[PDB]
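Numbering (my numbering), first residue to last: 8 to 103.
The beta-carbon is built from N, C-alpha and C at its ideal position, and this holds for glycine as well.
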Amino acid sequence: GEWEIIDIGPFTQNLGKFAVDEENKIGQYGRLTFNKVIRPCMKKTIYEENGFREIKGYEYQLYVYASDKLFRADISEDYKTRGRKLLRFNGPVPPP
């Protein structure tokens with residue numbers, strides 16, 4: 008697909024908060040308090056198989072501090088309705 012780096016403004020911090028809220032519903036990790044998203048944040052644009060430059064959706068790979076520990080979260084966002092889903096949430100991981 009196509010990859011780019013995006014910064015850590017409010018849109019990106021809100022993806023982080025989305026990921027921690029979603030993960031807290033599962034309850035496999037102890038309760039997590041969102042702290043902040045840090046660099047780098049990667050954004051992948053996924054295109055329809057057929058067609059020319061038709062966007063299907065995006066995926067965002069984040070480094071997120073929650074309860075003072077660092078995790079990696081992947082989030083999908085559908086292009087048509089902009090609905091979001093947490094794909095994975097792992098860690099703690101080493102700082103980048």
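When DSSP labels each residue in this structure, what does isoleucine 33 get in the three-state scheme?
helix
In this structure, does DSSP put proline 47 in helix, strand or coil?
strand
Other residues of its chain near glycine 90: CB distance less than 8 Å, five sequence neighbours each side excluded
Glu84
Counting along the chain, where does the beta strand (DSSP E) carrying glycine 58 start and finish?
Run containing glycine 58: none; DSSP gives neither H nor E here.
Taking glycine 37 as the reference, give the member of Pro47, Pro102, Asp75 with the closest Cα.
When each option's Cα is compared against that of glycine 37, the closest is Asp75.
Return yes when the Cβ of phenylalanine 25 is within less than 8 Å of the Cβ of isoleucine 82, no when it is not.
yes
Can you find a CB in chain D that lies within less than 8 Å of the CB of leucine 94?
The chain labelled as chain D is not found in the depicted structure, where only one protein chain is given.
Beta-carbon proximity list for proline 17, same chain, < 7 Å, skipping 5 on both sides
none
With DSSP collapsed to three states, give me the class of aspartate 28.
Looking at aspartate 28 - three-state DSSP - the assignment turns out to be helix.
Among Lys87, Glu11, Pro101, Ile45, the one whose alpha carbon lies nearest that of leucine 22:
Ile45
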